[PDB]
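Q: What follows is the file final.cif, containing mmCIF, C-alpha atoms and all ligand atoms:
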```cif
data_run
loop_
_atom_site.label_atom_id
_atom_site.label_comp_id
_atom_site.auth_asym_id
_atom_site.auth_seq_id
_atom_site.Cartn_x
_atom_site.Cartn_y
_atom_site.Cartn_z
CA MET A 1 -39.89 0.83 32.23
CA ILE A 2 -37.54 -1.58 33.98
CA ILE A 3 -34.04 -0.88 35.26
CA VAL A 4 -31.36 -3.56 35.25
CA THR A 5 -28.12 -2.72 37.03
CA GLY A 6 -25.23 -4.99 36.05
CA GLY A 7 -27.25 -5.25 32.84
CA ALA A 8 -24.14 -5.41 30.64
CA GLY A 9 -22.80 -8.15 32.92
CA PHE A 10 -23.46 -11.88 33.04
CA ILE A 11 -26.67 -12.37 35.03
CA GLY A 12 -28.00 -8.88 34.22
CA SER A 13 -27.75 -9.26 30.45
CA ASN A 14 -29.53 -12.60 30.80
CA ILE A 15 -32.37 -10.90 32.70
CA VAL A 16 -32.55 -8.32 29.89
CA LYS A 17 -32.82 -11.14 27.34
CA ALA A 18 -35.52 -12.86 29.39
CA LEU A 19 -37.43 -9.56 29.50
CA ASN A 20 -37.08 -9.19 25.72
CA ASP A 21 -38.50 -12.71 25.30
CA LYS A 22 -41.62 -11.53 27.17
CA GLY A 23 -41.91 -8.55 24.81
CA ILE A 24 -40.34 -6.02 27.20
CA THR A 25 -37.82 -3.60 25.66
CA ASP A 26 -38.31 -0.38 27.70
CA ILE A 27 -35.21 -1.14 29.73
CA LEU A 28 -32.59 1.14 31.28
CA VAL A 29 -29.29 -0.68 31.71
CA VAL A 30 -26.92 0.59 34.38
CA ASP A 31 -23.37 -0.74 34.35
CA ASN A 32 -19.65 0.00 34.02
CA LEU A 33 -18.38 -0.44 30.45
CA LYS A 34 -14.77 0.41 31.27
CA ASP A 35 -14.14 -3.08 29.89
CA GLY A 36 -15.74 -2.31 26.55
CA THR A 37 -15.79 -5.98 25.47
CA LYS A 38 -18.92 -6.33 27.63
CA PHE A 39 -20.91 -4.63 24.88
CA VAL A 40 -21.38 -8.05 23.20
CA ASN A 41 -23.69 -9.03 26.06
CA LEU A 42 -26.16 -6.34 24.93
CA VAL A 43 -25.51 -6.11 21.19
CA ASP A 44 -28.25 -8.60 20.20
CA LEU A 45 -30.70 -7.34 22.83
CA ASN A 46 -33.24 -4.51 22.92
CA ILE A 47 -33.06 -1.77 25.54
CA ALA A 48 -34.17 1.86 25.80
CA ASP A 49 -31.12 3.51 27.33
CA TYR A 50 -27.73 3.05 28.97
CA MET A 51 -26.27 4.79 32.02
CA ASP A 52 -22.99 4.51 33.89
CA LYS A 53 -23.23 3.28 37.50
CA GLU A 54 -21.71 6.46 38.92
CA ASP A 55 -24.13 8.77 37.10
CA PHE A 56 -26.99 6.52 38.15
CA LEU A 57 -25.98 6.70 41.81
CA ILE A 58 -25.76 10.50 41.67
CA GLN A 59 -29.26 10.78 40.17
CA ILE A 60 -30.71 8.21 42.59
CA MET A 61 -29.29 10.06 45.59
CA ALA A 62 -30.58 13.40 44.22
CA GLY A 63 -34.07 11.86 43.97
CA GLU A 64 -34.36 12.03 40.18
CA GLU A 65 -37.26 10.27 38.50
CA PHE A 66 -36.45 7.94 35.59
CA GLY A 67 -40.07 7.57 34.49
CA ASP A 68 -42.72 5.05 35.47
CA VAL A 69 -40.34 2.43 36.87
CA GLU A 70 -42.02 -0.95 37.27
CA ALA A 71 -39.00 -2.66 38.84
CA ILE A 72 -35.27 -2.55 39.48
CA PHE A 73 -33.22 -5.71 39.04
CA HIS A 74 -30.06 -4.87 40.95
CA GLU A 75 -27.38 -7.27 39.67
CA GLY A 76 -24.72 -4.56 39.64
CA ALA A 77 -21.80 -5.27 41.96
CA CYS A 78 -18.10 -5.93 42.15
CA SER A 79 -18.36 -9.67 41.56
CA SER A 80 -14.73 -10.63 42.20
CA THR A 81 -14.14 -12.88 45.20
CA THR A 82 -10.41 -12.08 45.05
CA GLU A 83 -10.87 -8.29 45.27
CA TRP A 84 -9.60 -7.26 48.71
CA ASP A 85 -10.08 -3.49 48.63
CA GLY A 86 -12.88 -3.51 51.21
CA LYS A 87 -13.39 0.25 51.10
CA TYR A 88 -14.35 -0.07 47.44
CA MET A 89 -16.26 -3.30 48.10
CA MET A 90 -18.42 -1.95 50.94
CA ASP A 91 -19.03 1.19 48.92
CA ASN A 92 -19.77 -0.21 45.48
CA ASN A 93 -21.73 -3.17 46.84
CA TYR A 94 -23.18 -2.57 50.31
CA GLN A 95 -23.66 1.21 50.34
CA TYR A 96 -24.71 1.38 46.68
CA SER A 97 -27.37 -1.28 47.31
CA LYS A 98 -28.68 0.62 50.36
CA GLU A 99 -29.12 3.84 48.35
CA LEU A 100 -31.02 1.98 45.66
CA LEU A 101 -33.14 0.08 48.19
CA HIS A 102 -34.24 3.31 49.89
CA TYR A 103 -34.95 4.95 46.54
CA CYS A 104 -37.26 2.07 45.56
CA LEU A 105 -38.77 1.92 49.02
CA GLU A 106 -39.79 5.59 48.95
CA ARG A 107 -41.49 5.04 45.57
CA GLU A 108 -42.87 1.52 46.18
CA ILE A 109 -40.78 0.21 43.29
CA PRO A 110 -40.17 -3.56 43.38
CA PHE A 111 -36.53 -4.18 44.25
CA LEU A 112 -34.96 -7.51 43.23
CA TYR A 113 -31.26 -7.80 44.04
CA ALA A 114 -28.31 -10.19 43.92
CA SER A 115 -27.08 -11.89 47.07
CA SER A 116 -24.55 -14.75 47.05
CA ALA A 117 -24.02 -18.24 48.47
CA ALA A 118 -20.55 -16.96 49.42
CA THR A 119 -22.43 -15.61 52.48
CA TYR A 120 -22.52 -19.20 53.82
CA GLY A 121 -18.74 -19.49 53.98
CA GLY A 122 -17.23 -22.84 54.96
CA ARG A 123 -19.99 -25.35 55.45
CA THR A 124 -20.90 -29.00 54.77
CA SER A 125 -24.70 -28.72 55.09
CA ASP A 126 -27.66 -26.54 56.05
CA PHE A 127 -27.27 -23.80 53.45
CA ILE A 128 -30.35 -22.10 54.87
CA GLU A 129 -31.27 -18.42 54.47
CA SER A 130 -30.73 -17.42 58.10
CA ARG A 131 -28.00 -15.51 59.94
CA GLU A 132 -26.84 -18.51 61.99
CA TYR A 133 -25.75 -20.31 58.80
CA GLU A 134 -23.87 -17.32 57.41
CA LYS A 135 -20.15 -16.63 57.85
CA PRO A 136 -18.44 -15.44 54.62
CA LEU A 137 -14.76 -16.17 54.01
CA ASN A 138 -13.98 -12.97 52.10
CA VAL A 139 -14.84 -9.29 52.00
CA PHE A 140 -16.93 -9.75 48.85
CA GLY A 141 -19.04 -12.21 50.81
CA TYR A 142 -19.19 -9.84 53.77
CA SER A 143 -20.49 -7.01 51.57
CA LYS A 144 -23.30 -9.33 50.48
CA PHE A 145 -23.95 -10.66 53.96
CA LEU A 146 -24.24 -7.25 55.56
CA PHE A 147 -26.72 -6.03 52.96
CA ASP A 148 -28.88 -9.12 53.50
CA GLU A 149 -28.83 -8.25 57.21
CA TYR A 150 -29.84 -4.70 56.33
CA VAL A 151 -32.72 -5.97 54.20
CA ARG A 152 -33.89 -8.11 57.14
CA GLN A 153 -34.17 -4.99 59.32
CA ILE A 154 -36.24 -3.29 56.60
CA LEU A 155 -38.58 -6.11 55.48
CA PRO A 156 -41.10 -6.06 58.36
CA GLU A 157 -42.22 -2.57 57.37
CA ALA A 158 -41.58 -2.49 53.61
CA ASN A 159 -44.73 -1.63 51.65
CA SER A 160 -43.28 -2.92 48.38
CA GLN A 161 -41.48 -6.00 47.09
CA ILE A 162 -37.93 -6.65 48.26
CA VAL A 163 -36.31 -9.87 47.04
CA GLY A 164 -32.72 -11.04 47.36
CA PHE A 165 -31.48 -13.97 45.28
CA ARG A 166 -28.69 -15.94 46.84
CA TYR A 167 -27.07 -17.24 43.68
CA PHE A 168 -24.86 -20.31 43.95
CA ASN A 169 -22.48 -21.24 41.08
CA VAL A 170 -24.05 -19.63 38.04
CA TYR A 171 -22.73 -20.58 34.61
CA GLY A 172 -23.74 -20.00 31.00
CA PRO A 173 -23.78 -17.49 28.12
CA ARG A 174 -22.62 -13.87 28.51
CA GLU A 175 -19.84 -14.31 31.12
CA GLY A 176 -16.93 -14.12 28.65
CA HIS A 177 -15.78 -10.80 30.14
CA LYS A 178 -15.39 -12.09 33.70
CA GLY A 179 -11.82 -13.39 33.25
CA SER A 180 -10.70 -15.37 36.30
CA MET A 181 -14.21 -15.00 37.76
CA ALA A 182 -15.82 -16.79 34.80
CA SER A 183 -17.25 -20.26 35.38
CA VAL A 184 -14.95 -23.30 35.26
CA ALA A 185 -17.06 -24.50 32.31
CA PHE A 186 -16.10 -21.35 30.39
CA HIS A 187 -12.43 -21.74 31.31
CA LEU A 188 -12.36 -25.39 30.22
CA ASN A 189 -13.96 -24.49 26.88
CA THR A 190 -11.42 -21.72 26.29
CA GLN A 191 -8.50 -23.99 27.18
CA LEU A 192 -9.71 -26.83 24.95
CA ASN A 193 -10.26 -24.49 21.99
CA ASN A 194 -6.73 -23.08 22.46
CA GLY A 195 -5.27 -26.60 22.31
CA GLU A 196 -4.45 -26.39 26.02
CA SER A 197 -5.06 -29.01 28.69
CA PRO A 198 -8.31 -28.47 30.60
CA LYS A 199 -7.39 -27.46 34.18
CA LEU A 200 -8.84 -28.10 37.64
CA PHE A 201 -7.46 -27.18 41.05
CA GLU A 202 -5.70 -29.93 42.94
CA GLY A 203 -8.21 -31.44 45.38
CA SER A 204 -11.17 -30.87 43.04
CA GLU A 205 -12.19 -34.49 43.62
CA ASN A 206 -13.47 -33.40 47.03
CA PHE A 207 -14.77 -29.99 45.85
CA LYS A 208 -18.44 -29.67 44.98
CA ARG A 209 -20.75 -26.80 44.16
CA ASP A 210 -24.38 -26.21 43.35
CA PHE A 211 -23.86 -25.31 39.70
CA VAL A 212 -26.93 -23.53 38.30
CA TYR A 213 -27.60 -22.54 34.68
CA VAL A 214 -28.01 -18.79 34.11
CA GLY A 215 -31.18 -19.38 32.06
CA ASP A 216 -32.90 -20.72 35.18
CA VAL A 217 -31.59 -17.81 37.24
CA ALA A 218 -33.22 -15.35 34.80
CA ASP A 219 -36.48 -17.32 34.89
CA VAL A 220 -36.59 -17.21 38.70
CA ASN A 221 -36.02 -13.44 38.65
CA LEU A 222 -38.93 -12.82 36.28
CA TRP A 223 -41.21 -15.20 38.17
CA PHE A 224 -40.68 -13.21 41.38
CA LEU A 225 -41.37 -9.93 39.60
CA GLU A 226 -44.61 -11.47 38.29
CA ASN A 227 -45.67 -12.90 41.66
CA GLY A 228 -44.58 -10.13 44.06
CA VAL A 229 -43.18 -12.29 46.88
CA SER A 230 -40.61 -10.73 49.25
CA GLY A 231 -37.68 -12.32 51.09
CA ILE A 232 -34.19 -13.76 50.69
CA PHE A 233 -34.05 -16.98 48.67
CA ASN A 234 -31.40 -19.51 47.74
CA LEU A 235 -31.05 -19.88 43.98
CA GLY A 236 -29.43 -23.16 42.98
CA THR A 237 -30.44 -26.60 41.72
CA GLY A 238 -30.44 -28.05 45.24
CA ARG A 239 -27.93 -30.63 43.96
CA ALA A 240 -24.19 -30.41 44.62
CA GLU A 241 -21.92 -31.71 41.88
CA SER A 242 -18.15 -32.04 41.64
CA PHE A 243 -16.02 -29.84 39.42
CA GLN A 244 -15.12 -33.13 37.75
CA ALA A 245 -18.75 -33.49 36.66
CA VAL A 246 -18.53 -30.09 34.95
CA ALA A 247 -15.26 -31.22 33.35
CA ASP A 248 -16.81 -34.53 32.20
CA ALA A 249 -19.73 -32.80 30.50
CA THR A 250 -17.31 -30.34 28.86
CA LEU A 251 -14.81 -32.95 27.63
CA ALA A 252 -17.70 -35.12 26.42
CA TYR A 253 -18.91 -32.27 24.20
CA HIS A 254 -15.43 -31.52 22.82
CA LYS A 255 -14.76 -35.26 22.37
CA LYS A 256 -11.19 -34.73 23.57
CA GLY A 257 -9.04 -33.56 26.45
CA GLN A 258 -7.44 -34.77 29.65
CA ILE A 259 -7.79 -32.91 32.95
CA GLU A 260 -4.58 -31.44 34.33
CA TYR A 261 -4.55 -30.65 38.05
CA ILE A 262 -2.82 -27.41 38.98
CA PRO A 263 -1.67 -26.07 42.36
CA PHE A 264 -4.48 -24.72 44.52
CA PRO A 265 -4.13 -20.93 44.22
CA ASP A 266 -2.42 -19.41 47.23
CA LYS A 267 -4.70 -16.38 47.53
CA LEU A 268 -7.76 -18.66 47.81
CA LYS A 269 -6.41 -20.61 50.80
CA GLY A 270 -8.64 -20.09 53.84
CA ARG A 271 -11.04 -18.17 51.57
CA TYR A 272 -12.54 -21.11 49.68
CA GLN A 273 -15.88 -22.92 49.81
CA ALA A 274 -15.14 -26.64 49.37
CA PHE A 275 -18.85 -27.47 49.27
CA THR A 276 -22.15 -25.77 48.43
CA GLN A 277 -25.68 -27.10 48.03
CA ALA A 278 -28.77 -24.93 47.93
CA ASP A 279 -31.54 -25.78 50.38
CA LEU A 280 -34.56 -24.90 48.24
CA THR A 281 -37.17 -25.26 50.99
CA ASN A 282 -37.95 -21.53 51.16
CA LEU A 283 -37.81 -21.07 47.38
CA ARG A 284 -40.40 -23.82 46.82
CA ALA A 285 -42.53 -22.62 49.74
CA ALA A 286 -42.70 -19.22 48.02
CA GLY A 287 -44.37 -20.92 45.04
CA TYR A 288 -41.48 -21.34 42.60
CA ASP A 289 -42.04 -24.93 41.48
CA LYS A 290 -40.04 -25.21 38.26
CA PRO A 291 -37.18 -27.67 37.77
CA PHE A 292 -33.54 -26.74 37.38
CA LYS A 293 -31.24 -27.95 34.63
CA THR A 294 -28.59 -30.41 35.78
CA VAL A 295 -24.89 -29.86 35.12
CA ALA A 296 -25.01 -32.37 32.25
CA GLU A 297 -27.91 -30.52 30.63
CA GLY A 298 -26.77 -26.97 31.28
CA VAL A 299 -23.11 -27.43 30.43
CA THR A 300 -23.97 -29.29 27.21
CA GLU A 301 -26.36 -26.51 26.19
CA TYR A 302 -23.70 -23.94 27.15
CA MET A 303 -20.98 -25.63 25.08
CA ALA A 304 -23.29 -25.63 22.04
CA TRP A 305 -23.79 -21.88 22.47
CA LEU A 306 -20.07 -21.21 23.02
CA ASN A 307 -19.23 -23.16 19.89
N1 LIG B 1 -22.18 -15.42 38.51
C1 LIG B 1 -22.26 -16.04 39.70
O1 LIG B 1 -21.85 -17.38 39.88
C2 LIG B 1 -22.79 -15.31 40.90
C3 LIG B 1 -22.99 -16.01 42.08
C4 LIG B 1 -23.46 -15.35 43.22
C5 LIG B 1 -23.73 -13.99 43.14
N2 LIG B 1 -23.54 -13.31 41.97
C6 LIG B 1 -23.89 -11.88 41.96
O2 LIG B 1 -24.78 -11.63 40.90
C7 LIG B 1 -24.58 -10.31 40.42
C8 LIG B 1 -24.12 -10.36 38.98
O3 LIG B 1 -23.05 -11.27 38.91
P1 LIG B 1 -22.41 -11.54 37.47
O4 LIG B 1 -21.93 -12.94 37.44
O5 LIG B 1 -23.37 -11.02 36.48
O6 LIG B 1 -21.13 -10.57 37.49
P2 LIG B 1 -20.66 -9.48 36.41
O7 LIG B 1 -20.56 -10.11 35.08
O8 LIG B 1 -19.39 -8.88 36.85
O9 LIG B 1 -21.85 -8.40 36.40
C9 LIG B 1 -21.75 -7.26 37.23
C10 LIG B 1 -21.64 -6.00 36.39
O10 LIG B 1 -22.02 -4.87 37.15
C11 LIG B 1 -21.03 -3.84 37.05
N3 LIG B 1 -21.18 -3.12 38.32
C12 LIG B 1 -20.37 -3.15 39.42
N4 LIG B 1 -20.93 -2.39 40.38
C13 LIG B 1 -22.09 -1.89 39.92
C14 LIG B 1 -23.05 -1.06 40.48
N5 LIG B 1 -22.94 -0.60 41.72
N6 LIG B 1 -24.15 -0.72 39.74
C15 LIG B 1 -24.30 -1.18 38.45
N7 LIG B 1 -23.34 -2.00 37.90
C16 LIG B 1 -22.25 -2.35 38.63
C17 LIG B 1 -19.75 -4.62 36.82
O11 LIG B 1 -18.67 -3.81 36.39
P3 LIG B 1 -17.40 -3.49 37.37
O12 LIG B 1 -17.25 -4.49 38.48
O13 LIG B 1 -16.17 -3.57 36.47
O14 LIG B 1 -17.48 -2.11 38.03
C18 LIG B 1 -20.23 -5.72 35.88
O15 LIG B 1 -20.32 -5.34 34.52
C19 LIG B 1 -23.50 -9.71 41.29
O16 LIG B 1 -24.02 -9.06 42.43
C20 LIG B 1 -22.74 -10.92 41.77
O17 LIG B 1 -22.10 -10.64 43.00
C21 LIG B 1 -23.08 -13.95 40.84
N1 LIG B 2 -12.00 -26.53 41.64
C1 LIG B 2 -11.63 -25.53 40.77
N2 LIG B 2 -10.90 -25.81 39.69
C2 LIG B 2 -10.53 -24.87 38.84
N3 LIG B 2 -10.87 -23.62 39.01
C3 LIG B 2 -11.60 -23.24 40.06
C4 LIG B 2 -12.02 -24.20 40.99
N4 LIG B 2 -12.73 -23.55 41.95
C5 LIG B 2 -12.78 -22.29 41.66
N5 LIG B 2 -12.09 -22.04 40.50
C6 LIG B 2 -11.90 -20.75 39.83
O1 LIG B 2 -11.51 -19.70 40.74
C7 LIG B 2 -12.46 -18.63 40.68
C8 LIG B 2 -12.69 -18.07 42.09
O2 LIG B 2 -12.92 -19.14 43.02
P1 LIG B 2 -14.15 -18.80 44.02
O3 LIG B 2 -13.67 -17.67 45.05
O4 LIG B 2 -14.52 -20.03 44.75
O5 LIG B 2 -15.34 -18.10 43.19
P2 LIG B 2 -16.66 -18.92 42.77
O6 LIG B 2 -16.37 -20.34 42.27
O7 LIG B 2 -17.65 -18.97 43.94
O8 LIG B 2 -17.27 -18.03 41.56
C9 LIG B 2 -17.52 -16.68 41.94
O9 LIG B 2 -18.80 -16.58 42.57
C10 LIG B 2 -19.17 -15.24 42.96
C11 LIG B 2 -20.52 -15.30 43.61
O10 LIG B 2 -20.38 -15.61 44.97
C12 LIG B 2 -19.25 -14.31 41.76
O11 LIG B 2 -19.58 -12.99 42.17
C13 LIG B 2 -17.90 -14.38 41.07
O12 LIG B 2 -17.99 -13.62 39.89
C14 LIG B 2 -17.53 -15.81 40.69
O13 LIG B 2 -18.47 -16.31 39.78
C15 LIG B 2 -13.76 -19.21 40.09
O14 LIG B 2 -14.53 -18.27 39.33
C16 LIG B 2 -13.23 -20.33 39.17
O15 LIG B 2 -13.01 -19.85 37.85
#
```
As structure tokens, please, write out the structure in this file.
Ligand SMILES: NC(=O)c1ccc[n+]([C@@H]2O[C@H](COP(=O)([O-])OP(=O)(O)OC[C@H]3O[C@@H](n4cnc5c(N)ncnc54)[C@H](OP(=O)(O)O)[C@@H]3O)[C@@H](O)[C@H]2O)c1
Ligand SMILES: Nc1ncnc2c1ncn2[C@@H]1O[C@H](COP(=O)(O)OP(=O)(O)O[C@@H]2O[C@H](CO)[C@@H](O)[C@H](O)[C@@H]2O)[C@@H](O)[C@H]1O
A:
Amino acid sequence: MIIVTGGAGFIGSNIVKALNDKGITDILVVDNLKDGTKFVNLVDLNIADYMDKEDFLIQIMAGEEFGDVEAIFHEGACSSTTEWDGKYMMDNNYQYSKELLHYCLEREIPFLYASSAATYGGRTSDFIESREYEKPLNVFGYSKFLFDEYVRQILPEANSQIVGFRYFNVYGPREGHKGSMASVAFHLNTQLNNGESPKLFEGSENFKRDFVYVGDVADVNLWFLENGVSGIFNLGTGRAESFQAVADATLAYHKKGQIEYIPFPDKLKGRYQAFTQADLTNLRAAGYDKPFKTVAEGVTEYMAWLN
């Protein structure tokens, strides 16, 4: 069996789908369904069982066996960059991930987890997977950073696979529950379908991100499970594109709309990455040689799915 935490969430449900496509259905999903609308992310998929994140943690820490576990994809986390309860954040993200890591380590279970490009903080180049390039701008980012640092202390003596994926700006199907944390592409689609003006933050001209399609993210995850390589790896296209480019691809699909620029949100000031671009050197050197969908490709495919 395979365990996917955050499996009812965006990236996690996409990993579940990718597993299904390879004929794998013996899957335990661990998540938090408090927001019950997330069920749609699993409704068309095939899994073996569901467990709440709190029950899972209790059983993990008690040393319960879940069967013959082939791997844990740990996508489960508080994913909100605007959540400032750091007690909860360090607990639900950092500490939770440590407990799971040690559980897998004791049993030689491959452990593939979610990092974040938020760890890089404010930066105009050299998004490289090393401590000197890392300086997160929020506590979410810190929770991710500190766990990556913890993993680095553990790697040299791990006897089983440990892989962290430093996701950049992931977008695509199954993120409709994320609200304000959903991709700009999703927000633009929603706005256009509601007869509202599509909205970008003021200054978005000069804002760029490495937007990466969730389908590719899932593919990378499965490739690493198949190939057994350990480490911490950037996961993006390696190309930075403006939010305008995402808007252009979205408006082109809808064949209507005019971007309205809104005030830059106050709670994001001093907390915002104006630029990201994955350096894929280490990812390629690991053996992952597949191309990534561009914004034009991915967003167009995404809009077709959404509509
Ligand atoms: N999507 C992106 O652009 C992006 C970029 C970089 C990194 N990431 C990371 O990738 C992972 C998945 O992101 P996502 O976009 O899929 O977000 P998501 O849709 O919110 O998926 C996370 C899911 O996990 C649940 N959860 C929270 N803590 C958990 C835990 N300890 N164990 C199991 N489940 C838990 C969440 O519920 P509750 O929060 O309500 O408890 C939510 O349903 C996260 O670690 C996120 O930080 C995502
Ligand atoms: N330029 C522009 N225009 C309109 N809306 C924008 C925008 N930039 C960002 N947004 C919206 O605000 C949400 C939060 O901004 P960020 O703090 O920069 O969050 P991210 O863009 O990095 O997206 C988050 O990434 C982390 C991974 O690090 C995930 O865990 C989160 O779930 C988010 O996906 C944006 O979501 C956007 O809607």
Q: Looking at A:36, A:173, A:6, A:238, which one is nearest to residue 79 (chain A), with distances taken over only C-alpha atoms?
A: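 Residue with the minimum atom-to-atom distance to residue 79 (chain A): A:6.
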Q: Would you list the residues that come within 7 Å of ligand LIG 2 (chain B)? Count all atoms listed in the file and give the answer as number ranges by chain.
A: A: 79-82, 116-118, 141, 167-170, 178, 180-184, 187, 199-201, 204, 207, 243, 268, 272-273
Q: Quick one: residues within 8 Å of residue 233 (chain A), only C-alpha atoms, excluding same-chain residues fewer than 2 positions away - as a PyMOL selection string?
A: chain A and resi 129+163-166+231+235+280+282-283
Q: Given only C-alpha atoms and all ligand atoms, how would the per-residue table for chain A near ligand LIG 1 (chain B) read, listing every residue at most 7 Å away with its closest atom pair and distance in Å to one decimal, sorted by chain and number, as CSV?
A:
```
residue,atom,partner,partner_atom,distance
A:5,CA,B:LIG1,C15,4.4
A:6,CA,B:LIG1,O10,3.4
A:7,CA,B:LIG1,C10,6.7
A:8,CA,B:LIG1,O15,5.4
A:9,CA,B:LIG1,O9,3.6
A:10,CA,B:LIG1,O5,3.5
A:11,CA,B:LIG1,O5,3.8
A:12,CA,B:LIG1,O5,5.6
A:30,CA,B:LIG1,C15,5.2
A:31,CA,B:LIG1,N7,3.8
A:32,CA,B:LIG1,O11,4.6
A:33,CA,B:LIG1,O15,6.7
A:34,CA,B:LIG1,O13,6.7
A:35,CA,B:LIG1,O13,6.9
A:53,CA,B:LIG1,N6,4.7
A:75,CA,B:LIG1,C7,4.2
A:76,CA,B:LIG1,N7,3.4
A:77,CA,B:LIG1,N4,3.4
A:78,CA,B:LIG1,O12,4.0
A:79,CA,B:LIG1,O17,4.1
A:92,CA,B:LIG1,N5,4.9
A:93,CA,B:LIG1,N5,5.9
A:96,CA,B:LIG1,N5,5.6
A:114,CA,B:LIG1,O16,4.7
A:115,CA,B:LIG1,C5,5.6
A:116,CA,B:LIG1,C4,4.0
A:117,CA,B:LIG1,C4,6.0
A:166,CA,B:LIG1,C4,6.4
A:167,CA,B:LIG1,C4,4.1
A:168,CA,B:LIG1,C3,5.0
A:169,CA,B:LIG1,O1,4.1
A:170,CA,B:LIG1,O1,3.6
A:171,CA,B:LIG1,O1,6.2
A:175,CA,B:LIG1,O7,5.8
A:177,CA,B:LIG1,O7,6.9
A:178,CA,B:LIG1,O7,5.7
```
Q: Pick out the closest residue to residue 302 (chain A) from this set: A:155, A:212, A:69, A:146. Count only C-alpha atoms.
A: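 Using only C-alpha atoms, residue 302 (chain A) sits closest to A:212.
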Q: What are the closest atom pairs, with distances in Å to one decimal, for each residue of region 111-195 of chain A lying within 9 Å of region 224-229 of chain A, using all atoms listed in the file, rows by chain and rising residue number, as CSV?
A:
```
residue,atom,partner,partner_atom,distance
A:111,CA,A:225,CA,8.8
A:112,CA,A:225,CA,7.8
A:160,CA,A:228,CA,8.5
A:161,CA,A:228,CA,6.0
A:162,CA,A:229,CA,7.8
A:163,CA,A:229,CA,7.3
```
Q: Using CA of residue 130 (chain A) and CA of residue 110 (chain A) as the two end points, give the distance in Å to one decimal.
A: 22.3 Å
Q: Given all atoms listed in the file as the basis, pick out the residue of A:23, A:215, A:203, A:176 nearest to residue 297 (chain A).
A: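 Looking at the shortest contact to residue 297 (chain A), the residue is A:215.
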Q: Select all residues near (0.0, -28.1, 37.7) (cut-off 12 Å, inclusive, file coordinates), counting all atoms listed in the file, and output them as a list in words.
A: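 I get residues 197, 198, 199, 200, 201, 202, 203, 259, 260, 261, 262, 263, 264 and 265 of chain A for the residues within 12 Å of that point.
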Q: Interatomic distance between CA of residue 255 (chain A) and CA of residue 196 (chain A)?
A: 14.1 Å
Q: Write out N, CA, C and O atoms for region 264-273 of chain A, as a PDB file, keeping the file's coordinate frame.
A:
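The resulting result.pdb:
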```pdb
ATOM      1  N   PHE A 264      -3.405 -25.523  43.956  1.00  0.00           N
ATOM      2  CA  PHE A 264      -4.480 -24.720  44.520  1.00  0.00           C
ATOM      3  C   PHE A 264      -3.971 -23.301  44.748  1.00  0.00           C
ATOM      4  O   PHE A 264      -2.981 -23.115  45.447  1.00  0.00           O
ATOM      5  N   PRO A 265      -4.638 -22.298  44.143  1.00  0.00           N
ATOM      6  CA  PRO A 265      -4.130 -20.930  44.220  1.00  0.00           C
ATOM      7  C   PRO A 265      -3.973 -20.446  45.653  1.00  0.00           C
ATOM      8  O   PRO A 265      -4.862 -20.620  46.494  1.00  0.00           O
ATOM      9  N   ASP A 266      -2.828 -19.828  45.899  1.00  0.00           N
ATOM     10  CA  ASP A 266      -2.420 -19.410  47.230  1.00  0.00           C
ATOM     11  C   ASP A 266      -3.367 -18.388  47.845  1.00  0.00           C
ATOM     12  O   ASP A 266      -3.659 -18.449  49.042  1.00  0.00           O
ATOM     13  N   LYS A 267      -3.864 -17.465  47.024  1.00  0.00           N
ATOM     14  CA  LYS A 267      -4.700 -16.380  47.530  1.00  0.00           C
ATOM     15  C   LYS A 267      -6.129 -16.833  47.839  1.00  0.00           C
ATOM     16  O   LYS A 267      -6.901 -16.074  48.400  1.00  0.00           O
ATOM     17  N   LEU A 268      -6.454 -18.081  47.498  1.00  0.00           N
ATOM     18  CA  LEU A 268      -7.760 -18.660  47.810  1.00  0.00           C
ATOM     19  C   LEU A 268      -7.739 -19.500  49.092  1.00  0.00           C
ATOM     20  O   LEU A 268      -8.790 -19.861  49.628  1.00  0.00           O
ATOM     21  N   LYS A 269      -6.544 -19.798  49.593  1.00  0.00           N
ATOM     22  CA  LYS A 269      -6.410 -20.610  50.800  1.00  0.00           C
ATOM     23  C   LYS A 269      -7.009 -19.918  52.026  1.00  0.00           C
ATOM     24  O   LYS A 269      -6.688 -18.766  52.330  1.00  0.00           O
ATOM     25  N   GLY A 270      -7.908 -20.629  52.703  1.00  0.00           N
ATOM     26  CA  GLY A 270      -8.640 -20.090  53.840  1.00  0.00           C
ATOM     27  C   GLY A 270      -9.816 -19.222  53.432  1.00  0.00           C
ATOM     28  O   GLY A 270     -10.543 -18.723  54.286  1.00  0.00           O
ATOM     29  N   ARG A 271     -10.005 -19.047  52.121  1.00  0.00           N
ATOM     30  CA  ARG A 271     -11.040 -18.170  51.570  1.00  0.00           C
ATOM     31  C   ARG A 271     -12.019 -18.939  50.689  1.00  0.00           C
ATOM     32  O   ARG A 271     -12.863 -18.343  50.032  1.00  0.00           O
ATOM     33  N   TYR A 272     -11.914 -20.265  50.693  1.00  0.00           N
ATOM     34  CA  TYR A 272     -12.540 -21.110  49.680  1.00  0.00           C
ATOM     35  C   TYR A 272     -13.656 -21.993  50.222  1.00  0.00           C
ATOM     36  O   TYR A 272     -13.497 -22.661  51.234  1.00  0.00           O
ATOM     37  N   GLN A 273     -14.782 -22.001  49.514  1.00  0.00           N
ATOM     38  CA  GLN A 273     -15.880 -22.920  49.810  1.00  0.00           C
ATOM     39  C   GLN A 273     -15.637 -24.253  49.102  1.00  0.00           C
ATOM     40  O   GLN A 273     -15.638 -24.328  47.875  1.00  0.00           O
TER      41      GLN A 273
END
```
